[PDB]
Amino acid sequence: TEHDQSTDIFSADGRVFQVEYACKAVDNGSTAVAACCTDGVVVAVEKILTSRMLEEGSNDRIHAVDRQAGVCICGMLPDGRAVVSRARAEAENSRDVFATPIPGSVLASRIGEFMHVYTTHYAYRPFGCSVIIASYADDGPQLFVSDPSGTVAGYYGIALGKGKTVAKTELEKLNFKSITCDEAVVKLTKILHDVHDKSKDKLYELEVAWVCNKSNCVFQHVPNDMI
Amino acid sequence: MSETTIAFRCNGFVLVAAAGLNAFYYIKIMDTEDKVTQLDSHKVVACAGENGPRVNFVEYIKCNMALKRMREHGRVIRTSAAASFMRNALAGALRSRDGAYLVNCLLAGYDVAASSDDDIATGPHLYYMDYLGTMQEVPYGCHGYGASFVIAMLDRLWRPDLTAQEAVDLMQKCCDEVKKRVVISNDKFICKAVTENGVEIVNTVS
Amino acid sequence: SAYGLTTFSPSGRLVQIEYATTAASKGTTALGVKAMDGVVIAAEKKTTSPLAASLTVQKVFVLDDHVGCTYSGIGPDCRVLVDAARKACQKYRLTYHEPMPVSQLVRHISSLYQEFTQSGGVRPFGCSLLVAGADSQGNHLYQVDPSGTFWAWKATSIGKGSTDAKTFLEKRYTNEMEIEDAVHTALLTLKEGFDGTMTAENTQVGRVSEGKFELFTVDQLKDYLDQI
Amino acid sequence: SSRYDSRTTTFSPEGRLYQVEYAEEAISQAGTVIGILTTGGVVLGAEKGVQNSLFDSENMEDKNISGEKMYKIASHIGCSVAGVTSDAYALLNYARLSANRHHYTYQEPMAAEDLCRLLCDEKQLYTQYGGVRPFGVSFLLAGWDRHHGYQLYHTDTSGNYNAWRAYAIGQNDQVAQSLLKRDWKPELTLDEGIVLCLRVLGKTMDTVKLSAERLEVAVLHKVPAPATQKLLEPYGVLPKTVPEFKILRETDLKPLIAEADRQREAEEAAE
Amino acid sequence: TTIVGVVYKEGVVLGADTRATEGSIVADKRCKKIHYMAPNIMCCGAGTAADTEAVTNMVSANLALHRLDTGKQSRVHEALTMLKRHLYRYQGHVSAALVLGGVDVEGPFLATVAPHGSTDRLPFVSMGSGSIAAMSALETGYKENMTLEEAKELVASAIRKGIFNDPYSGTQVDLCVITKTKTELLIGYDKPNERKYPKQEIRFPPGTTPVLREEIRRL
Amino acid sequence: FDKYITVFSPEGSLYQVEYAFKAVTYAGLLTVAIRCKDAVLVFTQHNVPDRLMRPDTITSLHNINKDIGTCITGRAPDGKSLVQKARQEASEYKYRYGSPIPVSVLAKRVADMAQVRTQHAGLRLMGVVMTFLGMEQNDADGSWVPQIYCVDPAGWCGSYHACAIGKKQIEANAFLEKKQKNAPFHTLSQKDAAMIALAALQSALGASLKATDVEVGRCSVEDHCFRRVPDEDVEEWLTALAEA
Amino acid sequence: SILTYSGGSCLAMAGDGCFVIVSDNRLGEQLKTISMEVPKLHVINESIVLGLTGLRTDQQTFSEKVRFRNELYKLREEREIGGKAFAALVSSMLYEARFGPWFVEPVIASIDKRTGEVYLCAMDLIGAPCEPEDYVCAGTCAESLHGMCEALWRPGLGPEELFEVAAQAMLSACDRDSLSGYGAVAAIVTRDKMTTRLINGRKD
Amino acid sequence: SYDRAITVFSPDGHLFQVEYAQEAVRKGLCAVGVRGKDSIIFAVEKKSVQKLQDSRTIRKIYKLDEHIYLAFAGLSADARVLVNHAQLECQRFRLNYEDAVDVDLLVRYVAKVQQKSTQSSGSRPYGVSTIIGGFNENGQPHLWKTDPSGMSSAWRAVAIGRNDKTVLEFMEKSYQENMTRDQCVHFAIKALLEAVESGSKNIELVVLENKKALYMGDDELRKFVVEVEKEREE
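Calculation rules
- Residues numbered from 1 in each chain as written, not as in the entry; some residues may be left out.
- Chains lettered and ligands numbered in written order.
- Part of a larger assembly, values for the part shown.
- Heavy atoms only, no water.
- UniProt positions renumbered as here; feature names shortened; annotations may be inferred.
- Helix = DSSP H or I, 4+ residues; strand = E, 2+ residues; numbered from the N terminus.
- Rg over C-alpha atoms; globule rule 2.2 N^0.38 Å.
- Buried < 20%, exposed > 50% of the residue type's maximum accessible area, 1.4 Å probe, protein only.
- Contact = heavy atoms within 4.5 Å.
- Areas by Shrake-Rupley, 256 points an atom, 1.4 Å probe, with all protein chains shown as cover.
- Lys, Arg positive; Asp, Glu negative; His and termini not counted.
- Charge placed at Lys NZ, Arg CZ, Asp CG, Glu CD.
- Salt bridge = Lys/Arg side-chain N within 4 Å of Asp/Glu carboxyl O.
- Polar contact = N/O pair within 3.5 Å; in protein donor to acceptor, adjacent residues only side chain to side chain.
- Axes fitted to C-alpha atoms, helices over the stretch in contact; angles between N-to-C directions.
- Parallel < 35°, antiparallel > 145°, perpendicular 65-115°, else oblique.
- Left-handed = near helix turned anticlockwise from the far one by under 90°.
- Core = buried A, V, L, I, M, F, W, Y, C linked by side-chain atoms within 4.5 Å.
- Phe/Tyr/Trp six-rings, centres within 6.5 Å; stacked < 30°, edge-to-face > 60°.
- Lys NZ or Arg CZ within 6 Å of the ring centre and 35° of its normal.
- Pairing = 2+ DSSP bridges.
- Expected span 1.5 Å × (residues − 1).
- Disulfide = S-S within 2.5 Å.

The name the PDB entry assigns to chain H is Proteasome subunit alpha type, from the organism Trypanosoma cruzi. For this entry, the PDB record gives the title as "CryoEM structure of recombinant Trypanosoma cruzi apo proteasome 20S subunit". Regarding chain H, the relevant UniProt record gives this comment under Subunit (unreviewed entry): "The 20S proteasome core is composed of 28 subunits that are arranged in four stacked rings, resulting in a barrel-shaped structure. The two end rings are each formed by seven alpha subunits, and the two central rings are each formed by seven beta subunits."

Looking at the PDB entry, one finds chain F named Proteasome subunit alpha type and attributed to Trypanosoma cruzi.

Structure representation (C-alpha cells):
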C-alpha cells in the first residue's frame, strides 16, 4: 500500500488513488445543482455556515469569470479559487489575442487541462474541488463540469456533493426544452431545501446565479428577493 | 610613448632599464617611479603605460605565477612559459568586454636547472611584447618615443660577448641619447641585471 | 527528480546495469558476419498477428550512407540511440567534409550509454546494438551493450537465440569468405534458431559493400532465400 | 520521489562513505594490472581475458595510442585501468583535455603529479556533491618530467593517490605485491623490468608457459629527439632525448618471453 | 557572377560562370558555383562566398536527417522554406542570394531567395552582377514547353551575355540538368575563351637562386 | 520499489508500463479500426450512461489537423493531454518545413514523448492507446494511400490492417483474424469493411448496436479530410448487416 | 589597415608529386621593423604545411588553437589528419567568428601519401576556400605575387625546378613591397622527404 | 541540481552528519603542532614503512602562502579541496589590499567554509580537522585549530586525529613557555610516540621560523628520534 502516496504512480489495477481520494473531498461537501434552459443557465448552491456572526456574501461559492460566464465551486473553496483565477486569465487572453469572448466549450477544456496537469507530477497534489462552468457566448447557453481528474463533460442538468443521488432523481422530472429561468429558480431552490440534512448542518443559506436573455447575457447573482 | 624602456641580452645576463616619469598632462608629478618589476627570483618585466593598467596587469601575472608555484613544489617556472601566459592574457583582453590592457612589456629571465633530471639549456632570455599580444624572442628591444634612436645604436654597437663593464657603459650611452633627442623629458632611469645569481640593481646607471 | 537510480551494492555490483542487460538478452535474435570485402547484418521481425502490417516494422537502420545498425531488446530505447547516431554523423561531415569513421561513431554511442548509468533521475538503456560500416581502415562490425562497453567482432549474435547462433558461426566461419557467401551463412544461421518458417517478409537484411550500406528490399531477399 | 533517494553523498555512522567502499570492492574483482619503475623507464603490464577466435582488430592507423588496457594521455604520460570500463573512458577524456589545455596555455608539458591531482579532484567531487554514484575506477599512471624524472602513481576510488616503485591492482594483488617486494631492486634496466613484469603476471594467471596473446605491455621511455628545424623555428631548442609511450607488439615480446621462461625453469629446478 | 535557371517540359536547367574576384583581380578562374543539396535538388549561389557555402551546407545536412527519419524523397518547397527562415533571422547580414531548382512528386520547381529572406517562384530567373545582361536573353528566348536541347542552348546563351559584358563574370559555362530520375552536372559545357598566343616558357637554370643553409628530413 | 518508479525489475521488465496498460482496459470501452481499398474507418463506443448528459459533448475522436484524426482509448483526460501535444507538434512541423506533417511522422513523434517518461523518474505515464488515421502520398506515382498507426504507453509505434483496442480486445481481434482469411482487407469496399468492424464490436460486447451507440470517423481517397460520418450512413451499414 | 599592420607574405606551388611553400621573414609595426627572423610557416605533420599571414597576435593565437585541436584529433582518431579534412576544419573555425573575425589569411599545402596527389587551398578571413591546381598566395605583396606566378609557373615541374620558380617569384614581389622581405624560407615536400632552405635576399 | 537537505537536527539537539564527520577525523593519522618563542613545529604520523613506497614521499603538510602552513587529520581528499580554497584566498587578499594576509584572518575564512558545508542543501560536511600556523609581518607566531563544525580556537600546543586525547594529556603536563627551535622539535617527536609505534620513517616534520621553512630530511630526523628514544627508557 505504498502505491497511494503520490499522484505520479499507477496501482496494479490501473488506478491513480490520490485522485480518487481528492474526489472523496468533493463528495462530502455541500450540494450544488444547475440547469440549462432555452434562455440561459441557472446555478444554485448550499452554503453551510460555521458561525451565526458572518456578514452576507462571506465565503461565496459563485464567481464571474467574464461578462457572459461564471463558475460555481464544490468541495474545497480555496482550491476552487485557484481555478477561478486561471479561468479569468484564459477569458482575458481570448479577448486580448483573438478578439472574441471565449466560447463555453473552449473555456471548459482549458480548465480541464489545467486540473489534469496536477495529477501527473510527484511534487503537486490534485485539486479537491469540482467546478461547474456556465456560459452564454456565440455558441449558445452551455453548462459543463470539470472534476479533480481533469475530466470534462456537458450537461442539461447536474448535481454535485453529498445530496447528489437524491437531487439527480428530482432533476430528471424537469422538461429542459420548455422551462424558463424564473421557473428554474423556484424548482432548483426547492430541491436544495429538501435534501438539506437538519441534524448535521444547522445553519445554511442558498446562493443563486444566472446568465440569460433577461439579463442581456450578463452572468450575475439573482436579486435576494427571488427566493 | 611618453616613457622609454630598453633591454638587451649578452652571454650571461640581461640588462633592463626604464624611465621614472609620472605625469598629469604637461606637469611632472614625480620622476622616480620604479617600472622594472620583479616577478620571481630570476625574472623581471619592464612595462610602459598609464599607472592603472600597468599595476593591475603585473599584479595579475604575479598572483597566477605564485599560485602555479605552490601547486608544483615551489619550483622555478621557465621563462618561455611565463611569456606564453602573459601573451595569452594580453590577447584574451583584446577580445573581451573591458578591452585591451594598454601596456607594452619586455620580459627577461635567467633559466636555471630544476633538478638532476632536467635537460633544459640554462641561459638568459628576452621577449618583446606589445599591448595586442604580439610576442617575439629578441637579442635587444625597446618601447616608447626613444626606442628608434636606441635600436639603431645597438644595431651599431651591441655584441653577444660584451663583459659586464662594457654593457653598463653601453646602457649609459643609450639612456643619454634619449635625454638628448626626445622632447618629452625622461631625466632618470632605473636599471636592473638578471644573472645566474638573481636580480640586482645597477646603481651607476641613471 | 535529480538523484541517481543506479548504485553500487555490497559486492561491488551495479544491479540496474545487469537487469538492463537481461532485458537486452530477451529480445529477438540479430546477427552479423564480416567478410573480406563487406559485412552483413540480419534480424528476425515476427509480428504478434497477421493484422499487423509487416512492411513498416524496421529492425535494421541506415545511420548514414556508409554505416548501419541492428538491435535486440527494448525497441523504443533503440530509437533514441539511432537518432543521436544520425545526428553525430552529420555533425562530423559539416566539420571535416568526410564520412565519420565507425570507430568514432561507436565511441560516441558508448558515451551516451554511460551517461544513463550515472546521471540523476534516469535508468539505463535496455538494448544492445550491432553496428556495421566501411571507412578508410576497411570494413567493421561492432557490438555495444547497456554498460557502454563495446567489442569488435568477426561474427556474432545478440538476443534470445544467441548462444546457439554463436556456436554455429564458430564452426562455419573462415577468414577468406566473399560477401555473397557471408549473406548465405547469415541466413542459414538464422533459420536454425527460427520458430516457424523463415520468409522474406518476416526477416530483414542489410549489407555493406563497395563502401556503401544498403537494406535489401523484400524482392532482393526472396532471391537469396530460394537458393538456401 | 524523495522516499526513493538512496543518499549516495551522506555520511554513515562511523564517518564512512558506503558507495566509495563498495566501488573499491568492484576494482578488486577486475583484471590484474602491474607497474614497475626502472632506471630506463616505467613498465605497465596487464592480463587480458580469455581469447575467443571470433574477436577482431579495430585496425587503427597508429598502434601506440590505445590497447585493451593501456591508454596514452600525452606524449609524456600513459596509464592503465582497473574497474568499470565505460567510467574509465569518461575520466580518460577529462585527463586528455586537461593535459592538452595546459600545453595550450603555457606551451610546455603538464607535470605528472599535477595531472594526477586534477584527476583525483574530479573523483572527490562526486563523493561530496550532487546525489549520484561515484566513479568505479583505479588508475596506474606512468610519467616523465623535468622536476622528478620517471614516476609511477596509483589513484583509488576515494580520490587519493600515492607514489610507488612497484605496485599491483586488480584480482591477485596480494600475491603480485609479495613477489615484487622480493625481486625489485634500485638498479633495474628497462629490459630487466619487462622480464620481471611477465614473470609476476605468469604467476598470478597460473600458467607454466606465458601466452603472448593473453598479455599486454607498455613502456614510458626516452628516445632520441627527431628533427630540429632551426630554419622554421630560429629560437626553438629541443634536448637530446624526448619521452615516448609505446605499446609492445608480439614481435618485440618474443625474446623477452623466452628469458622469462628460462628463469621459470631454473626456479623449478632448485626446488 | 552570373547565375541562371529555366523550367522545361520535364525538368530544370541551372547555369553559372566560373570566375571569382577579389577587388579588380581574378583569384580563381574555375570556381564551382553549383552546389549539391539533395539527389533531386541543386543550388547556385551569388553573394559573399563563405555565407553562401555555410547556408547551403547546413540545409543540405538537415534535409539528409529528414530523409532518414521520414523515409521519403526531399521536397523542393522544404528546402526553400528552411533557407528562407535562416536568412530572415540574420536580417541580411548573412549575404547569400540563391537560385534553387529541383524535381519532386509535384513536378519541376524553380525559385530565388534574396538575402533578406524573400522568395519568388518563377519559370526563368537570374541573379548576380551579370543578372541584367542574362535576363535580356531569357526574355527574348524563353517559351513554354521547351525541349531539353532548346533549354540548354538558352541557358548557355544567357551565361555568355554575362561573361562578355559584365567585368565580374567570366571564363566558361557550367550547366546542371535535373530530371525526375537523375541529376547530371556538365562542367565546362562551353569554353569560348581559349589561349590565342601560346605561353612563352621561361626556364631558370637549377642553381640560379642563392641559398645560405639547408636541412633535410626522411619520412 | 521497481513497482513504484521506472527502474528495471530483476527479470528485465518495467512495472509502471504494465500497469499503465491495465488503465487502458479499466476505462471499459472498445474501439475498432479497419483499412479498406480507398479509405480508413474508425468505430468507437459512445457511452452516455447519465440521461442528463448532453451527448454531442462526449467524444473520443479529435482532429489533429484537417487531414489527421485520432481516437483515444483509456484514461480520458490523459488522452486529451496528448491531443494538445500532438496539435502543437503538427504546427511546429509546418512552420519549420512549410508543409503539413505526414501521419507516420507524427505518430513517431508522439511515440518519443511516451518513451521519455519510461526512462525519466517523476512524471506519470499516460494510460492510453492513441490511434492515428490519415492518407499518405507515394513518391513514385503520387497516389494516396490510407494508414492506421497505433501508439501505446511503452512508446511502441506500429501500423495495422485492422485493430481492436480496449475491453475484450482479445475476443474482437480473434474475430477479425478469422474474417481476414476470406479476403484481404485492402480489396474490400467501404460497406464490406464496415460490416466486419460492426460485427466484431457486437460479437465482443455481446449486444446489439444502434447508430447512437457508436461514433465513426473516416478519411478517403475522394476526400482526404478526417470527418465524422453522419448517423444516417451508419444506420444503413447496420441495417445491411442485420439482413445477412 | 589591420591586415597590413604586421607585414609578411606567403606562396605555395604544385608540381609532379611535390609542392613548395615559401614565406618572407619580416615582422613589423607599420613601417618600423622589430625582427628579421620571423618565418610564417607551421608544419602540421609530414604531409601538411600551413602558412599564416595577417595581424601577428591573431597568427599566434589562431595557430595555437589549431595545434590544440590537432592533438586531440590524434588521440581520439588514432591517425594523422589529411589535407582536405584539415582545410575544412580551419574553415569551420574561421566561420565560427563570422561577426568578429580572426584577422588572418591561411594558405594550406598537402600531399596524399598513398596516391601522390597534391592539394592547395587559400582562404579569406571568414573561411571561404579556393582550391586551384597551380598556386595560391596571400599577404602584403599578394597582387605582385599573383602576377609573378602566372608568368613563371608551368605544369609538371620536379622538386628542384619548382623551387627556383617559387624563390624568384617571392624575391621579385618582395622587392616592390615595403612591408615584406629580408629573404625567405622554403619547404620542399615529396612523398619520401621534406627539405627546408633559407634563401638570401635584400636587407632593406 | 540535487538540493536535498542532508544535515538536519534530530530530537535531542544533535546534528548527526556533523558528529559522523568528527568520527572520521578520530580515525585519521595523528598530527601535532607546537608554538615556541620564535618557531612553530608541525609533526605528522605517516601511513607506514614499505619496501615498495617511493622514497620521495607525497607531502601531507601544505604551504598556503610564504608564511603560513597547514596540517590535517581525516579524509585526505577532502583536505586537498580545502587547501585549494585557502591558497586562492591568500592571493585574492594580496590583489585587494596589497599586504600579505594575517594568519587569524585566513583561519576565519577556512572555518567559514567548513561551517557553510554543514548548512548547505545538496552537500555533506568536510570530514577534516586542520592545524594552521604562521607568522605575521611583525614576527609574532600564531597557531590555530579548526573542527568540521567550523569552530576555531588558538593553542600553544595541540593534537588531532587518533589518540588525540592521550597526546593532549601528555602535552598538558610537560609543556613549558618559551622553548628553543631544538627543544620544540624534541617535545613534538616525544608527544607523537605516545600514539605511534616506531619512529623510523613514520614521521614527517616541518619547522617554520620567521622568514624560513624546512621539510626536515631523514638524517637530521634520525638524530632527533634516537635522542628521544633514549630518554623514554628512563
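A.B. asks: I'm lost on the overall build of chain F in this one. Help?
C.D. replies: Check the secondary structure of chain F and you find 6 helices and 10 strands. Computed over the C-alpha atoms, the radius of gyration of chain F is 18 Å, within 12% of the 18 Å expected from 2.2 N^0.38 for a compact globule of 244 residues. Principal-axis analysis of the C-alpha atoms gives chain F an extent of 55 × 45 × 40 Å. Taken over 244 residues, chain F has a buried fraction of 57%. For chain F, long-range pairs separated by at least 24 residues make up 62% of all intrachain contacts whose partners lie at least 6 apart in sequence. As presented, chain F carries roughly 10300 Å² of accessible surface, and 52% of it is formed by carbon and sulfur atoms. Across chain F, the centroid of the 27 positively charged side chains sits 4 Å from that of the 28 negatively charged ones.

A.B. asks: How should the environment of A:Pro78 be read in this particular structure?
C.D. replies: Note on placement: A:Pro78 falls in helix 2 (residues 77-98). A sequence separation of 125 residues divides A:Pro78 from A:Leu203, and the C-alpha atoms of the two residues are 21 Å apart.

A.B. asks: Where do I start with the pattern of salt bridges in this structure?
C.D. replies: It is possible for side chains of opposite charge to pair when their charged atoms get near one another. All names here are of chain G. Under the defined criterion, the tally for this structure stands at 79 salt bridges over all chains. Across the pair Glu160 and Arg197 runs a salt bridge, and its minimum N-O distance is 3.2 Å. Of the two residues, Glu160 sits in helix 4 (residues 159-174) while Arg197 sits in strand 12 (residues 193-199), which places them 37 residues apart along the sequence. For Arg197, a relative accessible area of 9% gives the class buried.

A.B. asks: Please clarify how the arrangement of the chains should be interpreted in this entry.
C.D. replies: When the 17 pairs of chains in contact are compared, the highest contact count belongs to chains D and H. Across the gap from chain B to chain E, with no contact made, the nearest C-alpha atoms are 21 Å apart. A gap remains between chain G and chain H, with no contact made and the closest C-alpha atoms lying 27 Å from each other.

A.B. asks: How should I be thinking about the interface of chain H and chain D in this particular structure?
C.D. replies: In many reports, interface size means the accessible area that the parts give up when they come together. Each partner contributes to the interface: chain H provides 32 residues, whereas chain D provides 39 residues. Summed over the shared surface of chain H and chain D, the number is 3 salt bridges. Among the ionic pairs, H:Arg56 bridges to D:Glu113, the shortest N-O distance being 3.0 Å. Along the contact surface separating chain H from chain D lie 20 residue pairs in polar contact. Secondary structure elements with two or more residues in the side of chain H that touches chain D: helix 1 (16-27) and helix 2 (76-97) of chain H.

A.B. asks: I tried to follow the side chain of E:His86 on my own but got confused; where do I start?
C.D. replies: Its location among the elements puts E:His86 in helix 2 (residues 76-89). With near-sequence residues (within four places) excluded, E:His86 lies in contact with E:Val55 and E:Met58.

A.B. asks: Got a minute to help me understand unusual backbone geometry in this structure?
C.D. replies: For residues other than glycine, phi is negative in most cases, and the peptide bonds are mostly trans. Residues and elements named next belong to chain A. Of note in the backbone geometry, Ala99 takes a positive phi value of approximately 55° without being a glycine. On the secondary structure map, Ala99 appears in the loop between helix 2 and helix 3 (104-117). What makes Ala99 exposed here is its relative accessible area of 66%. For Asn216, which is not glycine, the phi dihedral falls at a positive 75°. Summarising the element assignment, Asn216 is placed in the loop between strand 9 (204-212) and strand 10 (220-221).

A.B. asks: Explanation requested: the packing of helix 1 (residues 51-70) of chain B against helix 2 of chain H in the structure shown.
C.D. replies: Two numbers describe a pair of packed helices, the interaxial angle and the distance between the axes. In contact at an axis separation of 10 Å, helix 1 of chain B and helix 2 of chain H are set at 160° when each is read in the N-to-C sense. By the angle between their directions, the pair helix 1 of chain B and helix 2 of chain H is classed as roughly antiparallel. The interaxial crossing formed by helix 1 of chain B with helix 2 of chain H has right-handed handedness. Touching B:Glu59, B:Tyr60, B:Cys63, B:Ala66, B:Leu67 and B:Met70 of helix 1 of chain B are H:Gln87, H:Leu88, H:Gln91, H:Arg94 and H:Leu95, all from helix 2 of chain H.

A.B. asks: I keep staring at helix 1 (residues 17-27) of chain A and nothing clicks. Help me out?
C.D. replies: Each full turn of the α-helix corresponds to 3.6 residues, which orients residues three or four apart in the same direction. By the burial criterion, the buried members of helix 1 of chain A are A:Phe17, A:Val19, A:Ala22 and A:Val26. Packed against the buried residues of helix 1 of chain A are strand 4 (69-75) and strand 5 (129-137) of chain A.

A.B. asks: Honestly, the nonpolar core in this entry has me stumped. Any pointers?
C.D. replies: Counting 52 residues, the largest nonpolar core has C:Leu105, C:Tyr113, G:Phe62, G:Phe86 and G:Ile108 as its most contacted members. The contacts of G:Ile108, once residues within four sequence positions are left out, are G:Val49, G:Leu50, G:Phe86, G:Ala87, G:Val90, G:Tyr119, G:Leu120, G:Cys121 and G:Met123. Formed by 50 residues, the second largest nonpolar core is a distinct cluster that contains D:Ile27, D:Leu188, D:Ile194 and D:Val219.

A.B. asks: Please explain the side chain of C:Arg123 as it appears in this structure.
C.D. replies: When you line up the elements, C:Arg123 lands in the loop between helix 3 (102-115) and strand 5 (127-135). Take C:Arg123: its relative accessible area is 1%, and that puts it in the buried class. Of note is the side chain of C:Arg123, whose polar atom sits 2.8 Å from the side chain of C:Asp77. Setting aside residues no more than four positions away along its own chain, C:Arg123 makes contact with C:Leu5, C:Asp77, C:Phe116, F:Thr6, F:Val7, F:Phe8, F:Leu14, F:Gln115, F:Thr118 and F:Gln119.

A.B. asks: Teacher, can you tell me more about the packing of aromatic side chains here?
C.D. replies: What characterises a pair of aromatic rings is the spacing of the ring centres plus the angle enclosed by the ring planes. Applying the stated criterion across every chain, the model contains 38 aromatic pairs over all chains. Ring pairing ties together the aromatic residues A:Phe114, A:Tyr118, A:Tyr124 and A:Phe127, which thus form one cluster. For the cation-ring pair, H:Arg124 lies above D:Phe11, with the distance from its terminal atom to the ring centre recorded as 5.0 Å. Here the guanidinium or amino end of H:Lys223 rests over the ring plane of H:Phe224, the centre of that ring lying 5.2 Å away.

A.B. asks: Looking at this model, I keep getting lost on the sheet that holds strand 10 (residues 212-215) of chain H. Mind explaining?
C.D. replies: Residues and elements named next belong to chain H. Taken in spatial order, the 5 strands line up as 8-1-2-9-10 in an open sheet, and their pairing is antiparallel. For this open sheet the edge positions go to strand 8 (157-160) and strand 10, each flanked by a neighbour on one side alone. Recorded for the sheet is a direction-independent mean angle of 10° between the axes of neighbouring strands. Packing against the sheet, helix 4 (residues 164-174) makes contact with strand 1 (31-35) and strand 8, and its axis sits at approximately 165° to strand 8.

A.B. asks: Is there a simple way to explain the packing of helix 3 (residues 131-141) of chain E against helix 4 (residues 148-165) of chain E in this structure?
C.D. replies: Residue and element names in this part refer to chain E. Contact geometry for helix 3 and helix 4: axes closest at 7 Å, N-to-C directions at 150°. In terms of their interaxial angle, helix 3 and helix 4 are classed as roughly antiparallel. Both helix 3 and helix 4 take part in a crossing whose hand is right-handed. Counting all contacts with helix 3, which are made through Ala133, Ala134, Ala137, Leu138 and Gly141, the residues of helix 4 involved are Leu154, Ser157, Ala158, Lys161 and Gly162.

A.B. asks: Can you help me understand helix 1 (residues 15-26) of chain F in this one?
C.D. replies: All names here are of chain F. In this model helix 1 runs 17 Å from its N-terminal to its C-terminal C-alpha over 12 residues, within 8% of the 16 Å that 1.5 Å per residue would give. Listed as buried for helix 1 are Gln16, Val17, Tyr19, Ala20, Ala23 and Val24. Just downstream of helix 1 lies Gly28, where phi reads positive at about 90°.

A.B. asks: What exactly am I supposed to notice about the state of the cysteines here?
C.D. replies: What we call a disulfide is simply a covalent bond connecting the sulfur atoms of a pair of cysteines. Tallying each qualifying case throughout the model produces 0 disulfides over all chains. There is no disulfide at C:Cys89, and the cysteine sulfur nearest it, in C:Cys69, is 10 Å away. On the basis of relative accessible area, C:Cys89 is assigned to the buried category, the value being 0%. With no disulfide of its own, E:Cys44 has E:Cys43 as its nearest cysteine by sulfur position, at a separation of 7.1 Å. By relative accessible area, E:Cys44 is classed as buried at 0%.

A.B. asks: What should I look at first to understand the sheet that holds strand 2 (residues 11-16) of chain E in this one?
C.D. replies: Picture the strands of a sheet paired through backbone hydrogen bonds; they go either parallel or antiparallel. Residue and element names in this part refer to chain E. Across the sheet, which stays open at both edges, the 5 strands sit in the order 10-1-2-11-12 with antiparallel pairing between neighbours. Each edge of the open sheet is held by one strand with a lone partner, namely strand 10 (124-127) and strand 12 (183-190). Taken over all neighbouring pairs, the strand axes of this sheet differ in orientation by 15° on average, direction set aside. In the sheet, strand 1 (residues 3-7) pairs with strand 10 via 4 bridges, with the strands oriented antiparallel. When the bridges of strand 10 are listed, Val6 appears paired with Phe124. Of the strands in this sheet, strand 1 and strand 10 touch helix 3, which is tilted by about 165° from strand 10. Taken strand by strand, helix 4 contacts strand 1, strand 2, strand 11 (173-179) and strand 12, and its axis lies near 150° from that of strand 11.

A.B. asks: When you look at the pairing of strand 2 (residues 40-48) of chain A in this model, what are you seeing that I'm missing?
C.D. replies: Sheet faces and side chains relate simply in a regular strand, where the side chains alternate between the two faces. All names here are of chain A. Most of strand 2 is tucked away, with 8 of its 9 residues classed as buried. Alignment of strand 1 (residues 32-36) against strand 2, held across 5 bridges, turns out to be antiparallel. Paired with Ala32 across the two strands is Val45, which belongs to strand 2. Between the end of strand 1 and the start of strand 2, which pair antiparallel, lie 3 residues.

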